[PDB]
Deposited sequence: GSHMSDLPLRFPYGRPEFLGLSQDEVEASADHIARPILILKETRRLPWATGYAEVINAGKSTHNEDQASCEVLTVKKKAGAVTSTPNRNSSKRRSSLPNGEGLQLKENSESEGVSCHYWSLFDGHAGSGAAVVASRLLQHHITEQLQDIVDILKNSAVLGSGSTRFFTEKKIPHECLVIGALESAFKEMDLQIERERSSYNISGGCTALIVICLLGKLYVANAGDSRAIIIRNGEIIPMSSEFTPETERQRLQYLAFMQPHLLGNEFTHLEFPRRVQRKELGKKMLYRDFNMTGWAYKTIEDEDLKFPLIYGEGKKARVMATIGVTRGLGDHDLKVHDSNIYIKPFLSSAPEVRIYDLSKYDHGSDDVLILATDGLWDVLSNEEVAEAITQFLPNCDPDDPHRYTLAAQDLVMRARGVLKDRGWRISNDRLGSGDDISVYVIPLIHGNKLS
């Protein structure tokens, strides 16, 4: 039904890039994989740095989207956002254009007060904004082709405080005098296992008589019927023994380890927007009941520290973090920025370009390779480098 409907918004790259229609096509080169950076002739707020590169060939379009502007609540609200789309570009494009409007609307309900701690009203506003964005996608689903879904990582600076709201598996970290301050956590079948099992237990019909909510160390085989095995339930952190009993032969709700962890054999990320009609392969079981649009929000008070020109906030999609650790990013940032004149305004964009290049690697004979012959990232990669000096009181 949705493939019969027009697009809500046309596909494109982040609008602040200012790319023509021909530059967009030139960027979608899976073999050359050109790293796009912000033109010096265009400045982002706070001289924010940005860089991106398309995937190595798994989807025709770059499915990351990004938005950055200064909102006005009828007070100023700086806004940065990254969306990692999957199974289509539609949700990430829609989110990159409309979520900031939901945030502005929710903040407007509480702005007289900003002038229960106020920080909890801003958190509540951001949480309501994520939900209302997903609700809008849900009902506009029937008039427009809003394909797939997306993760959502946004940050606002409001009255001297950074709010980092994450619903997905992108990541935000602060590098301050060389130390790593994490500002987000990822939501996967692994990190959300107990919530997912709890829902499956309380609402068994969501399992379509195809899955069991119990976790096992490996796939349970029919020949193990009547035998003892380790299992883990929703209220357990550890493992205990159990007699295998018919029901345990169903496919597990949670399966796989780390980046291979999956819910109902389908998805490896459990929060974001879209995916309303997503189904398990070869069945009619819906995935969305196990997904959530609700972000985790973390605050960084910019007043409690005097920030140098090399103290930055990094936002990136998993195209960076899947091959670079927080320590490699910290090492790279602190190694690069002291080579740029502190007054150079293109200097955080070059830092973001350096991060993308280190994760993308170079195209060798057997694929993309980074340092230590390691495999380079074949994904879309998008990176913000936000200089925290601009938030100094």
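Participant: Just jot down which stretches of the deposited chain sequence have no CA coordinates, in the order they come.
Facilitator: Coordinates drop out over 1-2, 77-113, 155-171, 450-451.
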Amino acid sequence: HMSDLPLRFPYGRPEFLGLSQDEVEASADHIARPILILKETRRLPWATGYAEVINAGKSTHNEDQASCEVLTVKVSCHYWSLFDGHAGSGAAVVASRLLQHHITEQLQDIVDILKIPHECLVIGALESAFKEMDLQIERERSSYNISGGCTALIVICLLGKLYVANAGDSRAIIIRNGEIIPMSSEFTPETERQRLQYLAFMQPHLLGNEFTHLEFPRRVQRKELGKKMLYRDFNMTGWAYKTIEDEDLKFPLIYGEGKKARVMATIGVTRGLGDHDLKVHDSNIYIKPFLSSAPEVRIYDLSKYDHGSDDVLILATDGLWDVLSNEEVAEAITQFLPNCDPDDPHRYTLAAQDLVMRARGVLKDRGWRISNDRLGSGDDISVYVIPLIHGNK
From here on, numbers count along this sequence of modelled residues.
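Participant: Using only C-alpha atoms and the B-factors in the entry, which stretch averages higher, 363-371 or 30-38?
Facilitator: Going by the record's values, the stretch with the higher mean is 363-371.
Participant: Can you tell me whether 105-113 has a higher mean C-alpha B factor than 156-164 in this record, or the other way round?
Facilitator: Comparing 105-113 with 156-164, the higher average CA B-factor belongs to 105-113.
Participant: Among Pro289, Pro295, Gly268, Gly258, single out the one with the highest C-alpha B factor in the record, please.
Facilitator: Within the set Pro289, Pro295, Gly268, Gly258, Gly258 shows the top C-alpha B-factor.
Participant: Among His276, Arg176, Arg195, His86, single out the one with the highest C-alpha B factor in the record, please.
Facilitator: If I rank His276, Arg176, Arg195, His86 by C-alpha B-factor, first place goes to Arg176.
Participant: Split into thirds by Cα B-factor across the chain's modelled residues, where does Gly378 land: lowest, middle or highest?
Facilitator: Lowest third of the chain for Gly378's C-alpha B-factor.
Participant: Place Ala352 in the lowest, middle or highest third of its chain's C-alpha B-factors, as listed in the PDB entry.
Facilitator: Middle third, going by the recorded CA B-factors of the chain.
Participant: So where's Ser309 on the chain's Cα temperature factor ranking, which third?
Facilitator: CA B-factor rank for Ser309: highest third.
Participant: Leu324: which third of its chain by C-alpha temperature factor?
Facilitator: Its C-alpha B-factor belongs to the lowest third of this chain's values.
Participant: Check where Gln65 lands among this chain's C-alpha B-factors and tell me if it's the lowest, middle or highest third.
Facilitator: It belongs to the lowest third of the chain when residues are ordered by C-alpha B-factor.
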